[PDB]
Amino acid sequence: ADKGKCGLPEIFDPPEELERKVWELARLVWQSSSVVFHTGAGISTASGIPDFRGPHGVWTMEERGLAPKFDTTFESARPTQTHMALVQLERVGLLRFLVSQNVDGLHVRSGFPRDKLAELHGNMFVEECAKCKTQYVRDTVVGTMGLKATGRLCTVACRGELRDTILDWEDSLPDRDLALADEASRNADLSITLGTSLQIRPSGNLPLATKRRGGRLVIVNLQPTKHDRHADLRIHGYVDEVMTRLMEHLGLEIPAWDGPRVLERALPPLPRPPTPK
């Protein structure tokens, strides 16, 4: 396949411009009915997992004849302030759906409901049965990549071959996840992209489905993105700093993470502060 544009220069918004943009983002969240978030490799860099096309990204370092650096294992990695902010946003009903390109499995481990999440490129902790399609969320990473047999069998008897959910460059996106991600993105009046370069299709094109129906588009990234020209608001800064300032404006606290936990279905929305005039 193609690695795309790697190691592009990073842009940083000054403290004055950044503060005004987070308030503009807060206004867009309060006024929107269907908010869909789009996450990429950048929202995991603050946890010790490198991105792909950033200054020290996997494909950027490969081009330089160097190896990417991991400051953690996927099992010892803890969800960032951004992952936990997204958990709270969903809990208070301010987040309708979450579309992710990340294989790190941090969204599931943070306690985010799996029925409001589309894992387009898979999850390295999730293995699927080839016969009944039943998914298994493991506490450790699945040893195989490229939808290959792991060795373990189904327990629902079915006894079907369990395969990884990691897609190779040539593999097609999962039908259920892509259909739900496309439906949510199309029907959203606000799509916010966090830590994604938006260079890989159809994943990168999903936030544009919002823009096609008069819906608003917000892009939060350090480097420039493929669809920068069609964003209503472009925030250049660290996703953790942007989300921390956002939660403060919304009057929401970032919840504590008490270790890896799996939530299959979303609960009814928890009480949230009243909306400003």
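We number the residues from 1 along the sequence you see.
According to the entry, the stretch of the deposited sequence that connects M145 to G146 contains no residue lacking coordinates, so the chain runs unbroken between them. Look at the C-alpha B-factors of 206-214 and of 40-48. On average they run higher in 206-214. The mean Cα B-factor in the deposited entry runs higher for 175-183 than for the other of 175-183 and 192-200. Set against one another, the Cα B-factors of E161, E119, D71, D139 in the record reach their highest point at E161. The residue among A85, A130, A77, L95 whose C-alpha carries the highest B-factor in the deposited model is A130.
The entry lists a Cα temperature factor for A26 that places it in the middle third of the chain's modelled residues. Ranked within its chain, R53 lands in the lowest third, by CA B factor from the PDB record. Residue-level temperature factors show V103 in the lowest third of its chain, judged at the C-alpha atom. Sort the modelled residues of the chain by CA B factor and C154 lands in the highest third.
Ranked within its chain, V239 lands in the lowest third, by CA B factor from the PDB record.
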